[PDB]
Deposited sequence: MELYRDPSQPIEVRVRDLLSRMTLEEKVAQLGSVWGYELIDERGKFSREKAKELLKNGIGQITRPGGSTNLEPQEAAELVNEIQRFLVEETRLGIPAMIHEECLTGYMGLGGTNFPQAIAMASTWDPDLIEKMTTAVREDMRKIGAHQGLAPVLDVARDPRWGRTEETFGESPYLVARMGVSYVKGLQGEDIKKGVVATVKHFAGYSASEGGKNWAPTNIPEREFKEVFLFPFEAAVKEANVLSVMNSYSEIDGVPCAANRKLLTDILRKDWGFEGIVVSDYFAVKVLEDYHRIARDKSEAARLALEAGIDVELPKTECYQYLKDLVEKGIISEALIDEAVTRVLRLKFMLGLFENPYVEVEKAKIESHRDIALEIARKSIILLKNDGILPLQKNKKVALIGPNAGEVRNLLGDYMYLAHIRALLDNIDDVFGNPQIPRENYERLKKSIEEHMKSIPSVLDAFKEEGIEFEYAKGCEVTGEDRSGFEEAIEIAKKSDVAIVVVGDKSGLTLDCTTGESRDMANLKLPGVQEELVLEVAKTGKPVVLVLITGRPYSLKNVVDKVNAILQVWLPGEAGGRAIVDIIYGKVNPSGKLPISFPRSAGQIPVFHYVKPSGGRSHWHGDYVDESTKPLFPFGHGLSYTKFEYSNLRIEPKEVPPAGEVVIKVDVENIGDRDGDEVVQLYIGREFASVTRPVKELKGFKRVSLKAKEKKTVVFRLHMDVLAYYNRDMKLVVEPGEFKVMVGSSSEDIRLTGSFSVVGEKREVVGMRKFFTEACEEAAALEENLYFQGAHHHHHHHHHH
């Protein structure tokens, strides 16, 4: 029995033993990948014939054995068992494969629940609920033999033109970091042998491209890069022990992230102590040549990516095969191959793959998590505006108008299987279905398509509105990767107008003088400047997946009290970009008239905005001690009372302001929050335990510091709807924050007195 096969030996001993036994060819194969679809026949069964060519020397990863085959869970599990049996039994060393799938909004394959999009997850401000979700996704993935999910997007979004806004947790480094750590914790176990490797992406800056254009340069200076952009990845590595990172397609200031050793090694591995694998974004190595034009051939692209710190080329071996030739010709040292292979082998051993690489096909049927999807959908929907029309009485005749009332497909995000892809059909409930099921009397008129300028349908929509009590206009996006989609990866929107003639559809329906409820089923903020004052209520419904219809109707009729809060600012117009809550004293205004000539510098809806069908009263602000030394702790308490007549969740938000630091600081920035459930007339105390570590920022010399001085405390229902204000002082000498530090405020509830 070779040491690497012996389960009593420590993993480092098994890794060293296996590495010492491997040829150069076997080493380079562990840094590569193959598509699931390249290993099946036309009957969807494992093809030994194809495996003999592609798997002869073993392999790092199988890419999307479920997601790329259109196989049902048990068929996918059978394919993976067969791939593994070939590797374990018909290769010299019998190294098993790691399998990855997409899983952002749930396992991206047939039979997997479509959870609401990441921007919806963020809008819950409920990290525990996102952890519950990814704990369910973990079980789904392990059933089909999948070890790695291309997991939370930790890109901080302040440019809603960008088609991937829907995949982010929004504009706030704090909220993004807090959701990212809960997401990673749910996916990964305490013990990864019983869990799924999370992949934080896209490291780093990919959400701040020139003009919001996909893959365009992300030109971010160092303090902003560290405090925004890197912060959530830092928290995922150090607090959540994330085991994979995927690079950004974009250059930072001349350097493609896939060729940046200062980023993928010096920051990620050396500064932060990351011990997992870096996987390329798909084709990110090859396009160092094709797109960025800094690699003269595939072998130079391979050298740049390996030197940078990419361990696995995805989604298929292309450049990394030439690492063999680079060593044989003495261009690179085999020792650098060994370093990457060591990280891959370590993770394979930790995942339990050498003890048992197989799953029980009989237990591989994936269960529905519609219950969890529905709780996210119900908590994620945001009431942007309500003049009193909502909630509606069930006896009102409804004119249900718009492309996103009827569609079902337009409820789905860019990484939901049925959008991303006769096969496990769209038996997903529509909004129209949810209205029927709720017993509402309505007529449906489509009014218009998502795209185009055809106004044919306007007259039917107008006529249905005139014969109704209330018009419910359901407009917004089709999310995906193709030209006909208005949002999603590769679908960037310069001017932030609702797609096609949807805005004109709303204004035409409004001209009937009937009450209008505007339901935005969208992947990004749109400019509502021209419709906001012409409609009575506005619901923001971030691409909600399969639970969307029921949640929208539940909220419209007050069976659910809306509790979602914006995780990203809604610009008045594209020309206002960017707008975010944590501007410096000189940000978020034009000096000395405050506004643009043509436009407010304030967003239409601010960060943390979301209304309720009840009222919350904040009282009794306590900040103790009042003076703390630079590594001390302050305890901030507020009482919150539901003074209205409906049960509701309030999201209590802590903003911290700093002036007279050695650098300029945000006038206010989110540093804590708590979703608190309050029955009508119930009062509770929300408590924020704020360690000074959490308030650390980079000084003029790029040191992480806490400086003596006064911090402003602002607690409220949004970044603008601040209810209580106070301060505390840090007293003592400037502190350099070195090594491990706290990233998060600790937020809980107490009985009020």
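*Asks:* Mind pulling out the bits of the deposited sequence that never got modelled, as residue ranges from 1?
*Replies:* According to the record, the gaps fall at 422 to 449, 782 to 801.
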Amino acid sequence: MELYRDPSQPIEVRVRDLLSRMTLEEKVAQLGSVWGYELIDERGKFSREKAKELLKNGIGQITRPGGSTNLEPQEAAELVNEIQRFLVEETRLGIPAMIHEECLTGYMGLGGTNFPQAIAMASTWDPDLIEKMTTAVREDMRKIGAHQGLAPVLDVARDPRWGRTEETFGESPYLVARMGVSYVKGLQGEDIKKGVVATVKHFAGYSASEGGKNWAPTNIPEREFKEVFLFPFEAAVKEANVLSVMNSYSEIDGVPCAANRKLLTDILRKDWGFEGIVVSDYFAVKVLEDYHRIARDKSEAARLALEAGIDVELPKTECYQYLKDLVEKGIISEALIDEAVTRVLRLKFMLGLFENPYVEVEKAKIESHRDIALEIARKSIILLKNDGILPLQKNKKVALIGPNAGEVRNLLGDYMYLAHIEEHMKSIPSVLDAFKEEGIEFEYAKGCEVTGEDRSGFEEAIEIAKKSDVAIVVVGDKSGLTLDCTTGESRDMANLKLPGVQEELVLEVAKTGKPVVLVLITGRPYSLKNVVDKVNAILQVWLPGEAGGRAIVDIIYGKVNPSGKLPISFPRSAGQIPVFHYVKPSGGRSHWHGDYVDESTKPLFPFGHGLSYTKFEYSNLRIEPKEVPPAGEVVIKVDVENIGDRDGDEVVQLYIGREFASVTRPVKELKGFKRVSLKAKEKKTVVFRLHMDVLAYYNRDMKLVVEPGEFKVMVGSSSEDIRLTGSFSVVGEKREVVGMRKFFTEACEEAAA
From here on, numbers count along this sequence of modelled residues.
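*Asks:* Please establish whether a third or more of the other compared PDB entries omit coordinates for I421.
*Replies:* Across the compared entries, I421 is left out in at least a third.
*Asks:* Comparing 426 to 434 with 467 to 475, where is the mean C-alpha B-factor higher?
*Replies:* Per the PDB record, 426 to 434.
*Asks:* Take the C-alpha B-factors listed in the entry for 355 to 363 and for 518 to 526, compute each mean, and give the stretch with the larger one.
*Replies:* Looking at the record's C-alpha B-factors, the answer is 355 to 363.
*Asks:* Reading the B-factor column of the entry, which of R223, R142, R161, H202 has the highest value at its C-alpha atom?
*Replies:* Comparing C-alpha B-factors across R223, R142, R161, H202, the maximum falls on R142.
*Asks:* Going by the CA temperature factor in the entry, name the top one among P666, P217, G111, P173.
*Replies:* Largest recorded C-alpha B-factor: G111.
*Asks:* Place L392 in the lowest, middle or highest third of its chain's C-alpha B-factors, as listed in the PDB entry.
*Replies:* Its C-alpha B-factor belongs to the middle third of this chain's values.
*Asks:* Looking at the temperature factor on the CA atom of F46, which third of the chain's modelled residues does it land in?
*Replies:* It falls in the top third of the chain.
*Asks:* Within this chain, which third does the Cα B-factor at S717 fall in: lowest, middle or highest?
*Replies:* For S717, the deposited C-alpha B-factor lands in the middle third.
*Asks:* Ranking the modelled residues of this chain by C-alpha B-factor as given in the entry, is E210 in the lowest, middle or highest third?
*Replies:* It belongs to the lowest third of the chain when residues are ordered by C-alpha B-factor.
*Asks:* By the record's CA B-factor, is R455 among the lowest, middle or highest third of residues in the chain?
*Replies:* CA B-factor rank for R455: highest third.
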